[PDB]
Every structure is written in C-alpha cells, then in structure tokens.
Amino acid sequence: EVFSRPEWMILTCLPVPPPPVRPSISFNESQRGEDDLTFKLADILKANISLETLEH
Amino acid sequence: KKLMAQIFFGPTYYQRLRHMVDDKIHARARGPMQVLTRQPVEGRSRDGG
C-alpha cells in the first residue's frame, strides 16, 4: 500500500538522473562527449515530443 | 674449501625473457580516480591502484 502499488509498475513520470550518473566526459573547449545514457534519454525525450505533438 | 658434493657444471643455452622487474614494480598511495565510479584508475601507466 505504501511503497509498492501495482499501478507504479507502469511509468507516467520518468525520472532523469543527474549528470554524475551520465558524465559528460567534456574534453577540450570546442568538443564535448556526452554519455550513452544522455543519448538514450535524449532519444526518449525526442520520441516523447513526437507522440505529444502527434496526439494533440 | 672443497665442496663435499661435485657439481654438474657446463654451458646451457639460456634466453633472456621480455619481463623486467623495473617494468612491473608498482606502488600507489592516492592518485588518479575514475570519473563515474570515483575509485582508483587501472594500470601502472595510469598510476592506478
């Protein structure tokens, strides 16, 4: 009832982990170097907006 | 003074092998740490733990 309700096994609000979980290994001034997880989240975000605009 | 035992002396062809001690010897007391894990880095080269 308090910590694990079946309804929460389905996601509606997706938590975004802070940079130390997905470190931008930013080498040099001009270059960056974002982590895999940053791309997957950006991939999730891109996919979300397509759907959000599409249904609206 | 003579050795009570007689030793089997003579040449044998021996090869020097590619692993020198001064190439292996490693020590660390604090140093470089990985970014994600924040633990010591790996290897002699990187002054790892």
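Read the figures in this text as sums done on the coordinates, not as results from a lab. Cβ atoms come from the backbone with ideal geometry, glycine included; neighbour counts cover every protein chain shown.
Sequentially through region A:12-17, phi angles give Karplus couplings (6.51, -1.76, 1.60; θ = phi - 60°) of 10, 10, 9, x, 9, x Hz, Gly and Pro residues having no value and appearing as x.
The value of relative contact order for chain A, using C-alpha pairs under 8 Å at least six residues apart, is 19 percent. Computed extension gain for B:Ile7 through B:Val21, at 0.36 nm per residue and net of the alpha carbon distance, reaches 2.1 nm.
Tell me what chain A gives for mean residue ellipticity at 222 nm when only DSSP H runs of n ≥ 4 count, each as -39,500 (n - 2.57), the sum divided by the residue total, rounded to 500 deg cm²/dmol.
Helices in chain A give a 222 nm mean residue ellipticity of -12500 deg cm²/dmol.
A Förster radius of 25 Å, combined with the Cβ-Cβ distance separating B:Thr37 from A:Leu41, puts the computed FRET efficiency at roughly 0.80.
Note that region B:40-49 has calculated 3J(HN,Hα) couplings of x, 6, 9, x, 3, 3, 7, 6, x, x Hz, one per residue in order, obtained from phi through the Karplus relation 6.51 cos²θ - 1.76 cosθ + 1.60 (θ = phi - 60°); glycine and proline are x. Legend: ranking of residues A:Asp35, B:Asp22 from fewest to most surrounding C-beta atoms inside 10 Å; resulting order B:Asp22, A:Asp35.
Packing around the peptides B:5-18, A:3-16, B:27-40, taken as the average count of other Cβ atoms within 10 Å per residue, puts them in this order, highest first: B:27-40, A:3-16, B:5-18. The long axis of helix A:36-55 is offset from the longest Cα principal axis of chain A by roughly 50 degrees.
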